[PDB]
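Shown next as C-alpha coordinates: one chain only, the form solved without this ligand.
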(Lines give C-alpha, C1' and ligand atoms only; values in the text may rest on other atoms or scores of the structure.)
Protein backbone atom coordinates (compact mmCIF):
# COMPACT_ATOMS: atom_id res chain seq x y z
CA UNK A 1 0.00 0.00 0.00
CA UNK A 2 0.10 3.68 0.14
CA UNK A 3 -1.55 6.81 -0.81
CA UNK A 4 -0.44 7.86 -4.36
CA UNK A 5 -1.53 4.41 -5.57
CA UNK A 6 -4.71 4.07 -3.44
CA UNK A 7 -5.99 7.38 -4.83
CA UNK A 8 -5.24 6.39 -8.47
CA UNK A 9 -8.25 4.04 -8.92
CA UNK A 10 -10.63 6.22 -6.88
CA UNK A 11 -10.27 8.69 -9.79
CA UNK A 12 -9.67 6.03 -12.39
CA UNK A 13 -13.09 4.30 -12.19
CA UNK A 14 -11.55 0.82 -12.57
CA UNK A 15 -9.96 1.45 -15.99
CA UNK A 16 -6.18 1.07 -16.42
CA UNK A 17 -5.70 4.55 -17.89
CA UNK A 18 -7.30 7.90 -17.06
CA UNK A 19 -7.51 10.92 -19.36
CA UNK A 20 -6.06 13.98 -17.67
CA UNK A 21 -9.31 15.66 -18.74
CA UNK A 22 -11.17 13.71 -16.03
CA UNK A 23 -8.49 14.36 -13.42
CA UNK A 24 -8.90 18.10 -13.72
CA UNK A 25 -12.70 17.97 -13.97
CA UNK A 26 -12.72 15.82 -10.85
CA UNK A 27 -10.37 18.22 -9.04
CA UNK A 28 -12.08 21.48 -10.07
CA UNK A 29 -15.42 20.21 -8.75
CA UNK A 30 -13.97 19.69 -5.27
CA UNK A 31 -13.76 23.51 -5.26
CA UNK A 32 -10.04 23.95 -5.90
CA UNK A 33 -8.99 25.90 -8.94
CA UNK A 34 -6.13 24.60 -11.04
CA UNK A 35 -4.31 27.86 -10.17
CA UNK A 36 -3.84 26.70 -6.60
CA UNK A 37 -0.34 27.63 -5.39
CA UNK A 38 -0.03 24.32 -3.49
CA UNK A 39 -0.82 22.44 -6.69
CA UNK A 40 2.04 23.87 -8.69
CA UNK A 41 4.61 21.07 -8.79
CA UNK A 42 1.72 18.69 -9.51
CA UNK A 43 0.72 20.40 -12.79
CA UNK A 44 4.21 21.62 -13.45
CA UNK A 45 4.76 17.88 -13.89
CA UNK A 46 1.82 17.69 -16.26
CA UNK A 47 1.98 20.36 -18.96
CA UNK A 48 5.48 19.11 -19.82
CA UNK A 49 3.79 15.75 -20.12
CA UNK A 50 1.71 17.14 -23.02
CA UNK A 51 -3.64 11.67 -23.37
CA UNK A 52 -4.35 9.12 -20.64
CA UNK A 53 -2.10 8.50 -17.63
CA UNK A 54 -1.34 5.15 -15.95
CA UNK A 55 -0.32 4.39 -12.33
CA UNK A 56 3.48 4.91 -13.00
CA UNK A 57 2.75 8.07 -14.99
CA UNK A 58 0.35 9.53 -12.43
CA UNK A 59 2.18 8.76 -9.22
CA UNK A 60 5.21 10.93 -9.86
CA UNK A 61 2.96 13.83 -10.85
CA UNK A 62 1.01 14.00 -7.58
CA UNK A 63 3.49 12.53 -5.06
CA UNK A 64 4.65 15.92 -3.72
CA UNK A 65 1.15 17.36 -3.81
CA UNK A 66 -0.92 14.30 -2.96
CA UNK A 67 -1.33 14.95 0.75
CA UNK A 68 -3.84 17.73 -0.07
CA UNK A 69 -5.05 16.17 -3.33
CA UNK A 70 -6.45 13.33 -1.22
CA UNK A 71 -8.58 15.65 0.92
CA UNK A 72 -10.35 17.08 -2.12
CA UNK A 73 -11.14 13.62 -3.50
CA UNK A 74 -12.03 12.08 -0.11
CA UNK A 75 -14.28 15.18 0.44
CA UNK A 76 -12.65 15.83 3.78
CA UNK A 77 -12.79 19.63 3.20
CA UNK A 78 -14.73 21.93 5.52
CA UNK A 79 -17.47 22.18 2.87
CA UNK A 80 -17.56 18.73 1.21
CA UNK A 81 -20.45 19.22 -1.23
CA UNK A 82 -19.09 22.52 -2.51
CA UNK A 83 -21.44 22.24 -5.65
CA UNK A 84 -24.50 22.46 -3.47
CA UNK A 85 -22.94 25.26 -1.47
CA UNK A 86 -22.17 27.52 -4.44
CA UNK A 87 -25.55 27.14 -6.08
CA UNK A 88 -27.10 28.58 -2.88
CA UNK A 89 -24.42 31.28 -2.87
CA UNK A 90 -25.50 32.01 -6.46
CA UNK A 91 -29.10 31.89 -5.25
CA UNK A 92 -28.26 34.37 -2.46
CA UNK A 93 -26.42 36.60 -4.96
CA UNK A 94 -29.41 36.71 -7.33
CA UNK A 95 -32.03 37.65 -4.69
CA UNK A 96 -29.79 40.57 -3.63
CA UNK A 97 -29.50 41.71 -7.28
CA UNK A 98 -33.03 43.18 -7.42
CA UNK A 99 -33.15 45.83 -4.64
CA UNK A 100 -32.02 48.99 -6.36
CA UNK A 101 -31.97 51.42 -3.44
CA UNK A 102 -29.02 53.50 -2.39
CA UNK A 103 -26.58 56.11 -3.65
CA UNK A 104 -22.92 55.76 -4.49
CA UNK A 105 -20.14 57.53 -2.60
CA UNK A 106 -20.54 60.59 -4.79
CA UNK A 107 -16.83 61.56 -4.78
CA UNK A 108 -15.61 58.46 -6.71
CA UNK A 109 -17.97 58.07 -9.74
CA UNK A 110 -24.80 49.35 -15.75
CA UNK A 111 -24.25 49.27 -12.12
CA UNK A 112 -22.22 46.54 -10.62
CA UNK A 113 -22.39 43.78 -7.99
CA UNK A 114 -20.07 40.87 -7.16
CA UNK A 115 -19.45 38.40 -4.33
CA UNK A 116 -16.59 35.94 -3.91
CA UNK A 117 -15.89 33.03 -1.52
CA UNK A 118 -12.73 31.21 -0.51
CA UNK A 119 -12.93 28.54 2.19
CA UNK A 120 -10.48 27.86 5.00
CA UNK A 121 -9.41 24.90 2.81
CA UNK A 122 -8.92 26.84 -0.41
CA UNK A 123 -12.19 26.00 -2.11
CA UNK A 124 -13.05 28.91 -4.41
CA UNK A 125 -16.19 30.38 -5.93
CA UNK A 126 -17.20 33.72 -7.44
CA UNK A 127 -20.29 35.15 -9.08
CA UNK A 128 -20.82 38.51 -10.74
CA UNK A 129 -18.27 41.33 -10.97
CA UNK A 130 -15.53 39.69 -8.90
CA UNK A 131 -12.29 40.78 -10.56
CA UNK A 132 -13.03 44.43 -11.15
CA UNK A 133 -10.71 46.41 -8.85
CA UNK A 134 -12.04 48.82 -6.26
CA UNK A 135 -10.42 50.32 -3.22
CA UNK A 136 -10.73 48.90 0.27
CA UNK A 137 -11.52 52.24 1.91
CA UNK A 138 -12.16 51.33 5.54
CA UNK A 139 -12.18 47.62 4.70
CA UNK A 140 -8.43 48.06 5.25
CA UNK A 141 -8.82 49.18 8.87
CA UNK A 142 -8.84 45.57 10.25
CA UNK A 143 -5.93 44.51 8.02
CA UNK A 144 -3.72 47.38 9.16
CA UNK A 145 -4.89 46.66 12.72
CA UNK A 146 -4.00 42.97 12.30
CA UNK A 147 -0.54 43.92 11.01
CA UNK A 148 -0.09 46.26 13.99
CA UNK A 149 -0.87 43.75 16.71
CA UNK A 150 0.99 41.04 14.78
CA UNK A 151 4.21 43.07 14.94
CA UNK A 152 3.63 44.76 18.29
CA UNK A 153 1.38 42.65 20.48
CA UNK A 154 -2.01 43.28 22.01
CA UNK A 155 -0.90 45.39 24.94
CA UNK A 156 1.20 47.92 22.98
CA UNK A 157 -1.50 48.46 20.37
CA UNK A 158 -4.10 49.21 23.05
CA UNK A 159 -1.90 51.63 24.90
CA UNK A 160 -3.02 53.82 21.98
CA UNK A 161 -6.58 52.69 21.02
CA UNK A 162 -9.57 51.30 22.90
CA UNK A 163 -11.40 48.03 22.30
CA UNK A 164 -15.20 48.73 22.38
CA UNK A 165 -17.87 50.48 20.27
CA UNK A 166 -19.07 54.03 20.98
CA UNK A 167 -22.89 53.98 21.10
CA UNK A 168 -25.19 55.71 18.57
CA UNK A 169 -24.63 58.80 20.72
CA UNK A 170 -20.92 58.99 19.95
CA UNK A 171 -20.66 59.10 16.20
CA UNK A 172 -19.30 62.59 16.70
CA UNK A 173 -16.86 62.00 19.58
CA UNK A 174 -13.20 61.16 18.87
CA UNK A 175 -11.94 59.84 22.19
CA UNK A 176 -13.23 57.58 24.92
CA UNK A 177 -12.82 58.30 28.64
CA UNK A 178 -9.15 57.22 28.61
CA UNK A 179 -8.29 59.63 25.78
CA UNK A 180 -7.87 56.85 23.14
CA UNK A 181 -10.04 56.61 20.01
CA UNK A 182 -12.84 54.17 20.68
CA UNK A 183 -11.61 51.25 18.60
CA UNK A 184 -9.58 50.40 15.49
CA UNK A 185 -12.50 50.33 12.99
CA UNK A 186 -13.54 54.00 13.26
CA UNK A 187 -11.49 56.70 11.52
CA UNK A 188 -10.00 58.18 14.72
CA UNK A 189 -8.80 54.69 15.67
CA UNK A 190 -7.57 53.79 12.19
CA UNK A 191 -5.35 56.91 12.03
CA UNK A 192 -3.69 55.99 15.32
CA UNK A 193 -2.97 52.36 14.35
CA UNK A 194 -1.65 53.68 11.03
CA UNK A 195 0.85 55.62 13.18
CA UNK A 196 2.21 52.47 14.85
CA UNK A 197 3.13 50.38 11.80
CA UNK A 198 6.93 50.19 11.33
CA UNK A 199 7.77 53.36 13.24
CA UNK A 200 11.11 55.08 12.73
CA UNK A 201 11.13 54.23 9.01
CA UNK A 202 9.96 56.55 6.26
CA UNK A 203 6.41 56.57 4.81
CA UNK A 204 7.50 55.37 1.37
CA UNK A 205 8.74 52.04 2.71
CA UNK A 206 6.34 51.55 5.59
CA UNK A 207 3.60 51.77 2.95
CA UNK A 208 5.48 49.02 1.06
CA UNK A 209 5.63 46.87 4.20
CA UNK A 210 1.84 46.88 4.36
CA UNK A 211 1.65 46.09 0.67
CA UNK A 212 4.04 43.16 1.18
CA UNK A 213 1.70 42.10 3.97
CA UNK A 214 -1.47 42.39 1.89
CA UNK A 215 0.25 40.35 -0.78
CA UNK A 216 0.72 37.56 1.78
CA UNK A 217 -2.92 37.80 2.92
CA UNK A 218 -4.27 37.31 -0.60
CA UNK A 219 -1.94 34.43 -1.46
CA UNK A 220 -0.35 36.90 -3.91
CA UNK A 221 -3.60 37.56 -5.79
CA UNK A 222 -4.46 41.07 -6.94
CA UNK A 223 -3.67 43.91 -4.60
CA UNK A 224 -3.16 47.20 -6.45
CA UNK A 225 -3.42 50.95 -5.92
CA UNK A 226 -5.52 53.78 -7.30
CA UNK A 227 -3.80 57.15 -7.25
CA UNK A 228 -7.13 58.74 -8.29
CA UNK A 229 -8.69 58.29 -4.87
CA UNK A 230 -5.38 58.84 -3.00
CA UNK A 231 -5.27 62.45 -4.11
CA UNK A 232 -9.07 62.64 -3.98
CA UNK A 233 -9.11 61.78 -0.29
CA UNK A 234 -6.46 64.38 0.46
CA UNK A 235 -8.80 66.88 -1.22
CA UNK A 236 -11.73 66.16 1.07
CA UNK A 237 -10.11 65.10 4.30
CA UNK A 238 -10.67 68.31 6.25
CA UNK A 239 -12.41 66.15 8.89
CA UNK A 240 -9.53 63.68 9.04
CA UNK A 241 -7.14 66.60 9.70
CA UNK A 242 -9.33 67.78 12.56
CA UNK A 243 -9.02 64.31 14.10
CA UNK A 244 -5.25 64.43 13.63
CA UNK A 245 -4.90 67.85 15.20
CA UNK A 246 -7.25 66.73 17.97
CA UNK A 247 -5.28 63.56 18.66
CA UNK A 248 -1.94 65.38 18.39
CA UNK A 249 -3.12 67.92 20.92
CA UNK A 250 -4.48 65.28 23.23
CA UNK A 251 -1.13 63.35 23.19
CA UNK A 252 -2.42 60.15 21.56
CA UNK A 253 0.43 59.28 19.20
CA UNK A 254 3.65 57.32 19.85
CA UNK A 255 6.48 59.59 20.68
CA UNK A 256 8.09 61.38 17.76
CA UNK A 257 5.34 60.73 15.20
CA UNK A 258 4.83 63.25 12.38
CA UNK A 259 1.08 63.83 12.57
CA UNK A 260 0.35 65.36 9.13
CA UNK A 261 2.72 62.79 7.68
CA UNK A 262 0.80 59.87 9.19
CA UNK A 263 -2.50 61.17 7.81
CA UNK A 264 -1.05 61.08 4.32
CA UNK A 265 -0.05 57.46 4.90
CA UNK A 266 -3.62 56.92 6.09
CA UNK A 267 -5.05 58.21 2.80
CA UNK A 268 -2.88 55.90 0.69
CA UNK A 269 -3.91 52.85 2.77
CA UNK A 270 -7.58 53.68 2.17
CA UNK A 271 -7.09 53.48 -1.58
CA UNK A 272 -5.25 50.22 -1.93
CA UNK A 273 -7.13 48.30 -4.60
CA UNK A 274 -8.45 44.73 -4.43
CA UNK A 275 -11.05 42.62 -6.17
CA UNK A 276 -13.53 40.32 -4.49
CA UNK A 277 -11.49 37.25 -5.40
CA UNK A 278 -8.29 38.74 -3.96
CA UNK A 279 -10.13 40.02 -0.91
CA UNK A 280 -12.00 36.75 -0.31
CA UNK A 281 -8.60 35.15 0.28
CA UNK A 282 -7.49 37.76 2.83
CA UNK A 283 -10.85 37.25 4.55
CA UNK A 284 -10.11 33.50 4.50
CA UNK A 285 -6.68 34.14 6.06
CA UNK A 286 -8.55 35.73 8.96
CA UNK A 287 -11.02 32.83 8.92
CA UNK A 288 -8.12 30.37 9.38
CA UNK A 289 -6.00 31.48 12.36
CA UNK A 290 -3.67 33.66 10.30
CA UNK A 291 -2.59 30.97 7.81
CA UNK A 292 -3.38 31.78 4.18
CA UNK A 293 -5.61 28.92 2.94
CA UNK A 294 -4.24 28.76 -0.66
CA UNK A 295 -0.51 28.89 0.18
CA UNK A 296 -0.13 27.40 3.68
CA UNK A 297 2.08 30.27 4.92
CA UNK A 298 1.34 31.79 8.33
CA UNK A 299 0.75 35.49 7.93
CA UNK A 300 -0.79 36.77 11.16
CA UNK A 301 -0.31 35.69 14.75
CA UNK A 302 -3.32 33.90 16.23
CA UNK A 303 -3.46 36.73 18.77
CA UNK A 304 -3.78 39.27 15.96
CA UNK A 305 -6.49 37.36 14.10
CA UNK A 306 -8.50 36.94 17.30
CA UNK A 307 -8.21 40.59 18.29
CA UNK A 308 -9.20 41.65 14.77
CA UNK A 309 -12.09 39.19 14.48
CA UNK A 310 -13.25 40.36 17.89
CA UNK A 311 -13.56 44.02 16.89
CA UNK A 312 -14.92 43.52 13.37
CA UNK A 313 -17.89 41.97 15.18
CA UNK A 314 -18.66 44.87 17.54
CA UNK A 315 -17.53 47.78 15.35
CA UNK A 316 -17.35 46.69 11.76
CA UNK A 317 -20.43 48.22 10.15
CA UNK A 318 -20.21 51.73 11.63
CA UNK A 319 -23.51 52.52 13.38
CA UNK A 320 -25.23 49.37 12.12
CA UNK A 321 -22.68 47.13 13.90
CA UNK A 322 -24.86 46.49 16.96
CA UNK A 323 -27.77 45.42 14.78
CA UNK A 324 -25.30 43.45 12.70
CA UNK A 325 -23.74 41.69 15.69
CA UNK A 326 -27.24 40.60 16.70
CA UNK A 327 -28.83 39.44 13.42
CA UNK A 328 -25.82 37.98 11.51
CA UNK A 329 -23.14 37.45 14.18
CA UNK A 330 -20.23 37.35 11.75
CA UNK A 331 -17.03 39.43 11.84
CA UNK A 332 -17.43 41.82 8.96
CA UNK A 333 -16.05 45.16 7.78
CA UNK A 334 -17.51 47.60 5.28
CA UNK A 335 -15.94 50.51 3.47
CA UNK A 336 -17.28 53.35 1.38
CA UNK A 337 -16.27 51.79 -1.97
CA UNK A 338 -19.13 49.26 -1.71
CA UNK A 339 -17.30 46.29 -0.17
CA UNK A 340 -17.96 44.11 2.85
CA UNK A 341 -15.14 41.82 3.98
CA UNK A 342 -16.83 38.85 5.66
CA UNK A 343 -15.26 36.16 7.88
CA UNK A 344 -17.05 32.97 8.90
CA UNK A 345 -14.49 31.54 11.38
CA UNK A 346 -13.18 28.03 10.60
CA UNK A 347 -15.21 27.97 7.36
CA UNK A 348 -14.83 30.67 4.80
CA UNK A 349 -13.72 34.13 3.84
CA UNK A 350 -15.76 36.40 1.58
CA UNK A 351 -15.84 39.77 -0.14
CA UNK A 352 -19.09 41.28 -1.43
CA UNK A 353 -19.00 44.43 -3.56
CA UNK A 354 -21.84 46.62 -4.82
CA UNK A 355 -21.12 50.37 -4.83
CA UNK A 356 -24.61 51.71 -3.91
CA UNK A 357 -24.59 52.45 -0.18
CA UNK A 358 -27.46 52.90 2.26
CA UNK A 359 -27.90 55.87 4.59
CA UNK A 360 -25.35 54.47 7.04
CA UNK A 361 -22.47 53.63 4.66
CA UNK A 362 -22.85 49.85 4.04
CA UNK A 363 -23.23 48.28 0.61
CA UNK A 364 -27.00 47.89 0.41
CA UNK A 365 -26.85 44.60 -1.50
CA UNK A 366 -23.98 43.50 0.71
CA UNK A 367 -26.02 43.77 3.88
CA UNK A 368 -29.00 42.02 2.29
CA UNK A 369 -26.64 39.20 1.34
CA UNK A 370 -25.23 38.66 4.81
CA UNK A 371 -28.72 38.58 6.26
CA UNK A 372 -29.68 35.93 3.71
CA UNK A 373 -26.37 34.11 4.35
CA UNK A 374 -27.18 33.50 8.00
CA UNK A 375 -30.94 33.26 7.41
CA UNK A 376 -30.18 29.99 5.60
CA UNK A 377 -26.96 28.50 6.98
CA UNK A 378 -26.11 28.13 10.67
CA UNK A 379 -23.08 30.43 10.39
CA UNK A 380 -24.08 32.94 13.11
CA UNK A 381 -21.68 32.88 16.00
CA UNK A 382 -24.23 31.87 18.59
CA UNK A 383 -25.93 29.15 16.65
CA UNK A 384 -25.21 25.68 17.93
CA UNK A 385 -23.78 23.07 15.52
CA UNK A 386 -26.08 20.39 17.06
CA UNK A 387 -29.55 22.02 17.09
CA UNK A 388 -30.24 24.80 14.63
CA UNK A 389 -33.96 24.58 13.70
CA UNK A 390 -34.79 25.02 9.96
CA UNK A 391 -31.45 26.17 8.48
CA UNK A 392 -28.87 24.06 6.60
CA UNK A 393 -25.26 23.17 7.52
CA UNK A 394 -22.80 22.94 4.59
CA UNK A 395 -20.11 21.47 6.93
CA UNK A 396 -21.69 17.96 6.78
CA UNK A 397 -22.88 15.35 4.22
CA UNK A 398 -26.44 15.39 2.83
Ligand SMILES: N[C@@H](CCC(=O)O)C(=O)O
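Positions refer to the first chain, counted from 1.
The protein also exists as the form solved in complex with this ligand; that form is not presented, and the subsequent description refers to it.
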At 4.5 Å between heavy atoms, only one of the stretches 57-65, 332-340, 347-355, 30-38 reaches this ligand in the entry with it bound; which one is it? 332-340
Assess the spot marked by 138, 266 and 318: is this ligand within 4.5 Å of a heavy atom from every one of these residues in the entry with it bound? yes
Taking this ligand in the entry with it bound as the reference, which of 240, 301, 295, 86 has a non-hydrogen atom within 4.5 Å? 240
This ligand in the entry with it bound has a heavy atom of only one listed residue within 4.5 Å, and of 257, 130, 71, 187 that residue is 187
Close approach of residue 270 to this ligand in the entry with it bound, 4.5 Å, heavy atom: yes
In the entry with it bound, does residue 245 have a heavy atom within 4.5 Å of this ligand? no
Closest heavy atom of residue 107 to this ligand in the entry with it bound, within 4.5 Å or not? yes
At 4.5 Å between heavy atoms, is residue 121 in contact with this ligand in the entry with it bound? no
